[PDB]
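1. Please work out how this folds:
(chains A, B, C and D)
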Amino acid sequence: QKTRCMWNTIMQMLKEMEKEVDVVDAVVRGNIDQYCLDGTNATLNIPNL
Amino acid sequence: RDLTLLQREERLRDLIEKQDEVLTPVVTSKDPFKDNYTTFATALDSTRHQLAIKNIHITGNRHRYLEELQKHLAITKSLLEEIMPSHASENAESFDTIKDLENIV
Amino acid sequence: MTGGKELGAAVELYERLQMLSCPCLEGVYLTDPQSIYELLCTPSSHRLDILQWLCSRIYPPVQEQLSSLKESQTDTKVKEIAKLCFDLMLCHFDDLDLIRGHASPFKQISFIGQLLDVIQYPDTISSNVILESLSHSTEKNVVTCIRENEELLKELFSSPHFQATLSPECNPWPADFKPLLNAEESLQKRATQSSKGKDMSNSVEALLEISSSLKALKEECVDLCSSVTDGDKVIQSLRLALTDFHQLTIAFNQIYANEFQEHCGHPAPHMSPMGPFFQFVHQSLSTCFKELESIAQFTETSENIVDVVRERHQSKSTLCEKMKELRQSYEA
Amino acid sequence: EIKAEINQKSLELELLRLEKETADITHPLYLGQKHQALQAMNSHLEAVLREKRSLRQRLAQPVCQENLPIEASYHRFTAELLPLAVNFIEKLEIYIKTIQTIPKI
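-> Numbers count the residues shown, from 1 in each chain, chains lettered A, B, ... in the order given. Have a look at this structure:
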């Protein structure tokens, strides 16, 4: 029951941290700055109407 | 029976003690790692709550620019509310079923 | 229980009645042990006239005597059959109710077996010797049997074994079993206290319950019945992964306190409610974009199809012309 | 001889009851799942302990007043709405002809 309790204490931590993991991992493998509000190519042609 | 059951609880205790030695160190390291790591995670995520910008014209404080852009997106959503029919999705989904009908014909 | 041995022995006597060619079974094709048992064990004429045929097979001079006795003289047939079976050392002369069929079935079975035994089997069918004059056969057969019996008795009685057969004793048991076999007044109490026909039943009953329980536990424990033979490598890899997790956890706490915690003290950026508005305005403008693209496509495609089918009708002769020219050739 | 089959089946039922209860701490399936969870966390932390140089160089950048304060989930829709608005303003004289052909349908 002690070995079960220690396993549950650890395996519950890995599910407590389940958001914090891919939130830190998001900077280790990089879904950041991907989308940029870039006006440089926005050469809008306003129609006659 | 009894000599086979004893040999099963023998190996059960051997398989337990070989884990208990290694679980105990990990458990004594648990929450003082967790709470440092969660403090690090929320602080690190604050560095990504920050959209990049290139060659947009912006006037003064970034909240004051969002305040005026909000007053005009408060007309664009309100105009999609003046423009979207109850079947806009069914129409927008038919797009390529029409072209496959034409391709078959 | 009990009567299952009387049912089985009725089939033995009935198959032997067929082998010995009983005419009182001609067309009487029973295949049920209960009906076979009742044919041999119940009070019937069918059974009494079988007993008369068995008596006629063993002692033919009774066949004239019992055929002189009518249906209305059946309780006289019963007494001459009992009187014959007494002279033959099979029953008492007043054992009339064994002959009728009111005796216990094991007595009827044991009596019919002791009739069928004496009716020697037809093994060498000596076709002619069936009806040549019995009055010049019987005395020869008596003298030949007296001779066989004198030879057999004189050569049985010449054997040194001839008092041991008449007074038999046996002991397979060696010395290392005789302490048990002398313990009669203690161990024979157990051997008389067993309830046998009960004990046998409750033994199979418990074996079925424990077999059902063991089956159900194996139909639950299916994942544990999977042959994952590499258990020590899983335990070794698990122990390594715990040891490396503790090292990586300690390394993280050291690196946090020396390289992150100095910077983790920053206040977060105050958010704007604009995120959901950028999403809604993007998504509904994208649906409105696709809707009007699809209505344009629907009009273009609908008019294209209305031109393509027109050219298939009107371009040339046309398909619609040449197919009717071809058709009218085979209609002609 | 029936006793031999009873008692031998009882011993197998007892051994399988013991394995069934101990399974989370003895059986290689659940020990394998516990191993996979640790090995996944180790294959994250070994990469955090490498990329600590990048992680520190992002935490060392104070909240950027040249960026837009917006949650990362909304960054795509915020950036693409400029191209989408331009394309919709340019398609405007086409869409008005589509709405004038809705009466054909």
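
2. Using PDB, list the CA coordinates for the one helix or strand residue C:179 maps to.
-> Using DSSP states H and E, residue C:179 sits within helix C:178-181. Listed next in PDB are the C-alpha coordinates belonging to helix C:178-181 (Å, rounded to 0.1, in the frame of the first residue of the first chain):
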ATOM      1  CA  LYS C 178       0.500 -54.400   7.000                       C
ATOM      2  CA  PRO C 179       0.300 -51.800   9.900                       C
ATOM      3  CA  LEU C 180      -2.600 -50.200   8.000                       C
ATOM      4  CA  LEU C 181      -4.300 -53.500   7.100                       C
END
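
3. Outside of the helix or strand just after that helix itself, list whatever touches it.
-> Next in sequence after helix C:178-181, counting helices and strands by DSSP H and E, comes helix C:184-193. Here helix C:184-193 makes contact (C-beta atoms under 8 Å, 6 or more residues apart in numbering or on different chains) with residue C:180. C-betas here are computed from N, CA, C, even on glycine.

4. mind running it again at 7 Å?
-> Residues external to helix C:184-193 that are found in contact with it (C-beta atoms under 7 Å, 6 or more residues apart in numbering or on different chains): none.

5. Export only the CA atoms of it, formatted as PDB.
-> The C-alpha trace of helix C:184-193 is given here as PDB (Å, rounded to 0.1, in the frame of the first residue of the first chain):
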ATOM      1  CA  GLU C 184      -9.300 -52.600  11.400                       C
ATOM      2  CA  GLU C 185     -11.400 -51.300  14.400                       C
ATOM      3  CA  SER C 186     -10.200 -47.700  13.900                       C
ATOM      4  CA  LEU C 187     -10.100 -47.300  10.100                       C
ATOM      5  CA  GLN C 188     -13.200 -49.300   9.200                       C
ATOM      6  CA  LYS C 189     -15.300 -46.700  11.200                       C
ATOM      7  CA  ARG C 190     -14.400 -44.100   8.500                       C
ATOM      8  CA  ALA C 191     -15.100 -46.600   5.700                       C
ATOM      9  CA  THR C 192     -18.600 -47.100   7.200                       C
ATOM     10  CA  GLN C 193     -19.300 -43.400   7.900                       C
END
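
6. Can you name the element that comes right after that helix?
-> Later in the chain than helix C:184-193, the nearest helix or strand by DSSP H and E is helix C:199-220.

7. in chain A, what residue is nearest chain C?
-> Here the residue of chain A nearest chain C is residue A:10; by C-beta to the nearest C-beta that distance is 8.2 Å.

8. Not counting residues beside it along the chain, what's closest to that residue?
-> Nearest non-adjacent residue to residue A:10, counting by C-beta to C-beta, 6 or more residues apart in numbering or on different chains: residue B:26, 5.9 Å away.

9. cool, residue C:14 as well?
-> residue C:36 (4.8 Å).

10. Show me what the helix or strand containing the one you found is in contact with.
-> Secondary structure from DSSP H and E places residue C:36 in helix C:33-41. Outside of helix C:33-41, the residues within contact range by C-beta under 7 Å, 6+ apart are C:6-7, C:10-11, C:13-14, C:30, C:46-47, C:101, C:105, C:108, C:112.

11. Closest one to chain D out of those residues, please.
-> Nearest member of the contacts of helix C:33-41 to chain D, counting by C-beta to the nearest C-beta, is residue C:7, at 24.9 Å.

12. Next, count neighbours for that closest one.
-> 17 (other C-beta atoms under 10 Å in any protein chain shown).

13. same deal with residue C:12?
-> Other residues lying near residue C:12 total 14 when counted by other C-beta under 10 Å.

14. What strand or helix carries the nearest residue to it once chain neighbours are set aside?
-> Setting aside the residues directly before and after it, residue C:12 is nearest to residue C:113 in space (C-beta to C-beta, 6+ apart), at 7.7 Å. Assigned by DSSP H and E, residue C:113 belongs to helix C:105-116.

15. Counting by contacts, list what that helix packs against.
-> Secondary-structure packing of helix C:105-116 (3 or more C-beta pairs under 7 Å, 6 or more residues apart in numbering or on different chains; DSSP states H and E): helix C:4-19, helix C:33-41, helix C:96-100.

16. follow-up on the earlier one: can you list contacts of the helix holding residue C:179?
-> With contacts defined as C-beta under 7 Å, 6+ apart, helix C:178-181 is touched by residue C:173.

17. re earlier: what's the first helix or strand after the helix holding residue C:36?
-> Counting by DSSP H and E, the element after helix C:33-41 in chain order, helix or strand, is helix C:45-58.

18. before we move on, the earlier item: now do the buried residues in the helix holding residue C:113.
-> Buried positions in helix C:105-116, judged by neighbour count with 16 or more other C-beta atoms under 10 Å in any protein chain shown: C:105, C:108-109, C:111-112, C:115-116.

19. and the residue sitting nearest the centre point of chain B, how far is that from residue B:96?
-> Geometric centre of chain B, nearest residue: residue B:45, 11.9 Å, by C-alpha atoms, centre = their mean. As judged by C-beta to C-beta, to the nearest Å, residue B:45 and residue B:96 stand 38 Å apart.

20. what does residue C:183 give?
-> In terms of C-beta to C-beta, residue C:183 sits 96 Å off from residue B:96.

21. next one: residue C:268
-> Per C-beta to C-beta, residue C:268 is found 44 Å from residue B:96.

22. Residue B:65 too?
-> For residue B:65, the distance to residue B:96 equals 39 Å [C-beta to C-beta].

23. Residue C:216 too?
-> According to C-beta to C-beta, residue C:216 stands 54 Å off from residue B:96.

24. same deal with residue C:138?
-> For residue C:138 relative to residue B:96 (C-beta to C-beta), the value is 114 Å.
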